[PDB]
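Just below is one structure, and these are the notes that go with it.
No Cβ is skipped: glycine too gets one built from the backbone with ideal geometry, and neighbour counts run over all protein chains shown. The numbers here are math on the coordinates, done by the rules we state, and not lab data.
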Amino acid sequence: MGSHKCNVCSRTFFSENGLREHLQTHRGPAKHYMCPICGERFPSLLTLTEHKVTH
Ligand SMILES: [Zn+2]
Ligand SMILES: [Zn+2]
């Protein structure tokens, strides 16, 4: 047994499933994309696409 806990906050979960949903809140809202080839990060899946082709 134990406690499925955030660790980042360490102070919150609604449940184990609650924590699972809550765990992703620290990735943040996805208004960006990470590069397939070199993993550089750009403010959209558009700026990333421009970066991708002229790599
Ligand atoms: Zn948290
Ligand atoms: Zn790249």
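Considering only DSSP states other than H, G, I, E and B, which trypsin sites (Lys or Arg not before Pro) in the chain qualify as loop sites with at most 11 other Cβ atoms within 10 Å? Answer by residue number: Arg11, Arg27, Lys31. What is the sum of charges around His22, taking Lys and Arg as +1, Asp and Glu as -1, for the other residues whose C-beta is under 14 Å from the C-beta of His22? Here the count lands on +2. Which shape class applies to the chain: rounded if a/c is under 1.5, otherwise prolate when a/b exceeds b/c and oblate if not, where a ≥ b ≥ c are the square roots of the Cα gyration tensor eigenvalues? Cα axes put the chain in the prolate bin. The modelled label-to-label distance for the pair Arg27/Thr49, using points 7 Å beyond Cα in the direction of Cβ, is 2.1 nm. By the Cβ distance rule of under 4.7 Å, the chain has these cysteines without a partner: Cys35, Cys38.
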